[PDB]
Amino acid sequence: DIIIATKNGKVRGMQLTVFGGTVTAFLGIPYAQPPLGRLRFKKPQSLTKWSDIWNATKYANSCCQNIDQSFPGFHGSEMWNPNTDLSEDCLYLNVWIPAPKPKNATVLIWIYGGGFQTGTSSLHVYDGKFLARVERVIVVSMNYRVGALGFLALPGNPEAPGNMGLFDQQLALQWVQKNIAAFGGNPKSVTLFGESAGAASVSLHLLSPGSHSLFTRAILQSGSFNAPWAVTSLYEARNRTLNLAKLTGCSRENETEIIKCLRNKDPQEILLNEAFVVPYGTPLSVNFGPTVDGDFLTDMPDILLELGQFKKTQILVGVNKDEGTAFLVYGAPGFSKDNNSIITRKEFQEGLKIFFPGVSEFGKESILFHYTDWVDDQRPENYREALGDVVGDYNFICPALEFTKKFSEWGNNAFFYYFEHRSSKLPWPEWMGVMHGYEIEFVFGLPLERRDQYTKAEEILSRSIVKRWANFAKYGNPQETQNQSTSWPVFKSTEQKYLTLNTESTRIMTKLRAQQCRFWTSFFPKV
């Protein structure tokens, strides 16, 4: 038996058998007063100490959220839905520590994605035991409030200031600082890493002064705050809030009176209305997300980035080959996970109307013109592939490249990756390629388990990525130094070198999506 004394009370863990060794796991440690009753929509509050032994032996509740439902019984979408009860009582975190207790281990903290509306840390693909076992790092992950209960904003009004989920994350970073030593971790070697909306969270911690001292380094997988979906303007945050207050019968004049009305509604009353606070959405709609609150974010983050106002440290940044395709089956016409989704030129034009609803007719012709310079005119997948690339280049790749250029221009080492391996167990059809979210299982080392029917090539690749990520955490340099690997060069503005990850041959390339990204980053803003 292992029991650890944390600054708030004793916690009891459990021991897991991994790869013929042992990992000690502490699942569901509370790290904040439960945000219930009058605490709804507030920043997380400090935890009251307990005298007993807390039995952190099962994953805790996941924060309230809407469950994905487009494909009932389909593992491709259900692997992402929560696997514990939904409750507002959900501010818990998990800790995996090597066996035996390490002396001064580097800590990796995971922040999951889910478009700031969904997510939970108990997903199978976020299991930190393999990293603990294989690399002797400590893995920490936390749950944070999502959707309206996590990001509803009437800015200035402390009854609902916005960024609550971000502050949840922050409080858990504070917990690791205050307690990870007791578990044998080094609070001075802490690396945030997250994917998608989690990677945008990580990026906002680089800007938040409150977070500057809570971590060492940062890994952004398929996400950054400069992505078009990542920050809600204060105008939209208030229209979205008033709309939700109308939809629930909570419109009052005194803005503080609205919040107490919203606090009396049931979580499902709010959750059911979240979809309609936007009149016309897109599949990338983030109805309740980060805002410039003047607390976590002291100014519009793009100004902070451009004027070097962020934590100076190393970053690891990267994207997947086919980021956009996932969104194509959540709304684009003629697309389906059950057929090859060959679409015509007309269907592609309505696809753009879906993803760019408020963009001029001239804007849409420019996208079309930029993305229909056929290598082979006769290829009938042409429009299908072009539409996924539009959505992927615009929503993930180009913003991550622009983030890495601007960040590295202030002198810190940056490393960029292009993940282009399609998991042999990927349940979505082949036309969807190397989708959003399906490098995570490689980062967490799931293919290291030989019983899981990943290929041998996948064991090698995951083993190399795990070593690169751990080396980045431990030493701020993502090399694999022992197995004649390709050396991973720094991303410099005036060359823009990146590393491709795959099974066949890891190579160095330059200026990824150069022409696409000039279009989206420089020209398209003018339309």
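Note that residue numbering follows the sequence shown and begins at 1. Each form is matched to the other, and the largest set of C-alpha atoms that superpose within 1.5 Å is called the rigid core.
Comparing the two stretches 276-284 and 136-144 by root mean square C-alpha distance in 9 other deposited structures of this protein, with all structures fitted on the core, the more displaced one is 276-284.
Superposition on the core shows that, in 9 other deposited structures of this protein, the C-alpha atoms drift more in one of 357-365 and 410-418; this is 357-365. Residue-level annotation: residue 373 has coordinates in all of the other entries compared, counting only those that model residues on either side of it, so it never reaches the one-third mark. Comparing 112-120 with 154-162, the higher mean C-alpha B-factor in the PDB entry belongs to 154-162. Mean CA temperature factor is higher for 347-355 when stretches 347-355 and 413-421 are set side by side in the entry. Across 207, 197, 107, 242, the entry's maximum B-factor at the CA atom is seen for 242.
Taking the PDB entry at face value, the top CA B factor among 403, 454, 80, 394 belongs to 454.
Sorting the modelled residues of the chain by their CA temperature factor places residue 469 in the lowest third. In the PDB entry, a CA B factor belonging to the middle third of its chain's modelled residues is recorded for residue 463. Ranked against the other modelled residues of its chain, the C-alpha B-factor of residue 293 as given in the entry falls in the middle third. The PDB entry assigns residue 189 a C-alpha temperature factor belonging to the middle third of its chain's modelled residues.
Residue 135: CA B factor lies in the middle third for its chain, per the PDB record.
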